[PDB]
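Single-structure report; data block below.
Protein chains: 2
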Amino acid sequence: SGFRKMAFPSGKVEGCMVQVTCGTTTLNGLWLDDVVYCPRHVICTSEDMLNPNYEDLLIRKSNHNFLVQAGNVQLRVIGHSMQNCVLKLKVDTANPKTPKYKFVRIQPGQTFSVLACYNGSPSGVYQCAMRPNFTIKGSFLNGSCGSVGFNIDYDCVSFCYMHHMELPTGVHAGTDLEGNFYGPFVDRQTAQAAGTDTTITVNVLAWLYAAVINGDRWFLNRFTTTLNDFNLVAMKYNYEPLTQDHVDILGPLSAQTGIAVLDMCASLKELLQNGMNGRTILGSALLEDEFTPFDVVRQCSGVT
Amino acid sequence: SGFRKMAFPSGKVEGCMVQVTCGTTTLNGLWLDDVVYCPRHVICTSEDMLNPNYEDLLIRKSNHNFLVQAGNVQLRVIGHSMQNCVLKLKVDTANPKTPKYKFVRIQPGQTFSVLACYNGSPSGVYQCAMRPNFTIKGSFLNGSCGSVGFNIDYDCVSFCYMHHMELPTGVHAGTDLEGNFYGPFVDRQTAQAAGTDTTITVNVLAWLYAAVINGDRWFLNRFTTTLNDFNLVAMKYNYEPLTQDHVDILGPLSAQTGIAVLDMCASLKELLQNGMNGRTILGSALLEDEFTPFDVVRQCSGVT
Ligand SMILES: *CC(=O)Nc1cccc(C(=O)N2CCSCC2)c1
Ligand SMILES: *CC(=O)Nc1cccc(C(=O)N2CCSCC2)c1
């Protein structure tokens, strides 16, 4: 029993983190096989970042200008290229700790673990969600970019995020490992405002199911609703619209608890309309939305 | 910027987890040097757990009755002993992945990372605190006991917790790695009620400092208080008494923010008396108490 905001064990990713230095800029890189992936803004001075021309800046850079250090050992860079907003540094040594891995581009509402790193050294691990506005709410100080987000399926690490920037509102933007930003953000020190940070409804419902499984039941009510009725209330409260696809995804939790998805929607509707009245659910005073239905099943069933 | 409930990177501990089987009971063990540590209730049937005599049960057990499996390779058990509520299984092979480590007995209010494991396989990592009632609020299913809690100082893992039991209220009890339970709990399936789960005041204040550092400032007020005045309010709200030792520990955060500890106490007092009025602090609707002052400095300064 109990339900925690749980990250994947980070060891497989720890074994991939390196330091990348270009001139006076140092950040983190991801070493998989004989390639090191890092944000392309490693080539920028803070001055460059106001309006960088990355292709032009890269012309001034040779293989020997990219210093890659794995622990306290230097890797030899034998090639470099820019793919979207990442650099790929070819090194002469395959990472001996390379796990089975994939690159995945996640959808908003999907959760992942971040291994926060500084100078290629792991500092901490925490669980994030891709927000509906394609930001994440992370914990990233100076030196953290190139820190990665990932999911693990048994022995395969799916990398989904590399950290690039902090918006002036202190929320975070980054890329997949093909170097494509999530959302409309660019690797430039300019005006970039996030859109509405809406609540991930399907995740809230998953977490209400988790609450019921773990004995938090006070919010279960006598009501049901319809997708369209629920969605009117969702709209009012800046919750994402619930689709039949979301209902289908919650089916296993519905089955386990015997609470129809639309009944849990009606419970959520009343919580939105009535508030918590100073009560808590799984130790939270707000409705948690950074657990996916898959997360709730995993943690409630004990997958490794 | 940003502030997250962050665990230590778990790789060093992942390399220590093994499966221990005695008859039909399987749980987790910690392999350091040539010793495997595990809960002594590995020798019990669920029936035994009603009123176990561990010394008597252990007489029926030989080295060859303890099956220890590290990945898919079996370790040879050449010795076993009971120390308090843990078994120490001597194996013929030193764990080649043994990190620098210590065993520490933590005090209530101290935080640590848990690597939740099943059959010696890591499932997840999360951050906990030793509650003032010597419970932890974990996420532990059947098969999770022998999962460990730890802090990391650079390259040294300090192990502070091994999971043993779930109280009927779904909170968790366990031992240090010398096998001594935190608090009054025993490894028996009997009536064990937890005491008052009081709020760790010094940790709340640390987290208010973290909030100010990260731009959440709405709760800063025009007031100050005294330790004795604050403590009257703390008592009313089931908060731990604040001592001058706690004030001294918050000095660096006081210095960084320029907010006197007693001024932040006065802010906390008003939050206790007035509530949040539907506002949030660092994405929480309640006052978070599972960050230590050391945690806030670490995460706000980016230690690896
Ligand atoms: C991605 C990231 O962290 N960018 C960055 C921005 C400014 C400065 C640096 C940098 O090189 N350092 C090393 C010295 S201490 C500050 C971080 C990186
Ligand atoms: C420490 C712990 O998890 N204890 C425990 C209690 C009951 C049963 C087991 C056990 O052996 N298994 C393996 C089969 S599936 C249930 C967990 C362990």
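Those sequence lines, one after another, are chains A and A'. A prime marks a further copy of an entry chain.
Okay, so the first sequence: first residue is 1 according to the entry's author numbering, each after it adds one.
Okay, so the second sequence: first residue is 1 according to the entry's author numbering, each after it adds one.
Quick reminder that beta carbons are idealized off the backbone N, C-alpha and C, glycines included.
Quiz prompt | Range of the contiguous beta strand (DSSP E) that encloses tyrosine 209 (chain A) | solution = Careful: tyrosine 209 (chain A) lies outside any beta strand (DSSP E), inside the alpha helix (DSSP H) at 201 to 213.
Practice problem: Return the Cβ separation of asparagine 95 (chain A') and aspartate 33 (chain A') in integer angstroms, given the expectation that the two are a contact with Cβ distance under 8 Å. | Solution: 7 Å
Quiz item: Under a Cβ-count criterion, where at least 16 other Cβ atoms within 10 Å of its own Cβ denotes burial, should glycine 215 (chain A) be classed as buried or exposed?
Solution: exposed
Quiz item: Is DSSP giving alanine 191 (chain A') helix, strand or coil here?
Solution: The three-state secondary structure of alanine 191 (chain A'), taken from DSSP, is coil.
Quiz item: Can you list every residue whose CB sits closer than 5 Å to some heavy atom of ligand 1, going in chain order?
Solution: A:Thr25, A:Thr26, A:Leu27, A:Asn142, A:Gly143 and A:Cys145
Practice problem: Give the DSSP-derived three-state secondary structure of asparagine 28 (chain A') in the structure shown. | Solution: strand
Quiz prompt | Distance, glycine 251 (chain A') Cα to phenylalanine 291 (chain A') Cα | solution = 16 Å
Quiz item: CA-CA distance, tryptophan 31 (chain A) and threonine 224 (chain A')?
Solution: 51 Å
Quiz item: Taking the Cβ atom as the reference point for each residue, do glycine 124 (chain A) and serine 123 (chain A') lie within a distance shorter than 8 Å?
Solution: no
Quiz prompt | Cβ neighbour criterion (16 or more within 10 Å) applied to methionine 235 (chain A) | solution = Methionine 235 (chain A) is classed as exposed because its beta carbon has fewer than 16 other beta carbons within 10 Å across all chains shown.
Quiz item: Which residues, in chain order, does the region 140 to 159 of chain A contribute to contact with chain A' at a C-beta distance below 8 Å?
Solution: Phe140, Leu141, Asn142, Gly143 and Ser144
Self-check item: Same chain, Cβ closer than 7 Å to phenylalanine 103 (chain A), neighbours up to 5 away in sequence not counted
Solution: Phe159, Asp176, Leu177 and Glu178
Practice problem: Tell me, to the nearest whole angstrom, how far the beta carbon of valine 13 (chain A) is from that of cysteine 38 (chain A); I am working on the premise that it is less than 8 Å. | Solution: Wrong, their Cβ atoms sit about 15 Å apart, outside the cutoff.
Practice problem: Note down, one range per segment and in chain order, each alpha helix (DSSP H) of at least 4 residues found wholly within the region 20 to 72 of chain A'. | Solution: 54 to 59
Quiz item: Nearest chain A C-beta to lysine 5 (chain A') closer than 8 Å, yes or no?
Solution: Taking Cβ atoms only, chain A reaches closer than 8 Å to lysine 5 (chain A'), which makes this a yes.
Exercise. With DSSP collapsed to three states, give me the class of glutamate 240 (chain A').
Key: The answer is coil: DSSP assigns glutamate 240 (chain A') none of H, G, I, E or B.
Quiz item: Sorry if obvious, but does the Cβ on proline 39 (chain A') come closer than 7 Å to a heavy atom of ligand 2?
Solution: yes
Quiz item: Measuring from the CB of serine 46 (chain A'), is there a heavy atom of ligand 2 at a distance below 7 Å?
Solution: yes
Quiz item: CB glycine 146 (chain A') to CB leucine 27 (chain A'), shorter than 8 Å?
Solution: yes
Self-check item: Per-residue contacts from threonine 93 (chain A) into chain A' (C-beta, under 8 Å)
Solution: What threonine 93 (chain A) touches in chain A': nothing, since even the nearest Cβ is about 20 Å away.
Quiz item: Along the chain, where does the alpha helix (DSSP H) that runs through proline 168 (chain A) open and close?
Solution: First-last for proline 168 (chain A): undefined, no H or E at that position.
Quiz item: When the Cα of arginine 40 (chain A') is compared with those of A':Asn142, A':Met17, A':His164 and A':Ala266, which residue comes out closest?
Solution: A':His164
Quiz item: According to DSSP, what are the bridge partners of residue 311 (chain A')?
Solution: Residue 311 (chain A') lies beyond the residue range present for chain A', which begins at 1 and ends at 304; the question has no answer from this structure.
Quiz item: Buried or exposed: which applies to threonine 199 (chain A'), given that a residue is buried once 16 or more other Cβ atoms fall within 10 Å of its Cβ?
Solution: buried
Quiz item: The beta strand (DSSP E) spanning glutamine 273 (chain A') covers which residue range?
Solution: Here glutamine 273 (chain A') belongs to no beta strand (DSSP E); instead the alpha helix (DSSP H) covers 261 to 274.
Quiz item: Thinking C-beta only, is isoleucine 249 (chain A) closer than 8 Å to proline 293 (chain A)?
Solution: Contact: yes.
Exercise. Say whether chain A places a C-beta atom closer than 8 Å to the C-beta of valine 296 (chain A').
Key: Chain A places no beta carbon closer than 8 Å to that of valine 296 (chain A'), leaving this residue out of the contacts.
Exercise. Give me whichever residues DSSP pairs with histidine 246 (chain A') in a beta bridge.
Key: According to DSSP, which records beta bridges pairwise, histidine 246 (chain A') is partnered with nothing at all.
Quiz item: In chain A, what lies closer than 9 Å to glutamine 299 (chain A') by C-beta?
Solution: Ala116, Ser123, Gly124, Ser139 and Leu141
Quiz item: Nearest chain A' C-beta to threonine 135 (chain A) closer than 8 Å, yes or no?
Solution: no
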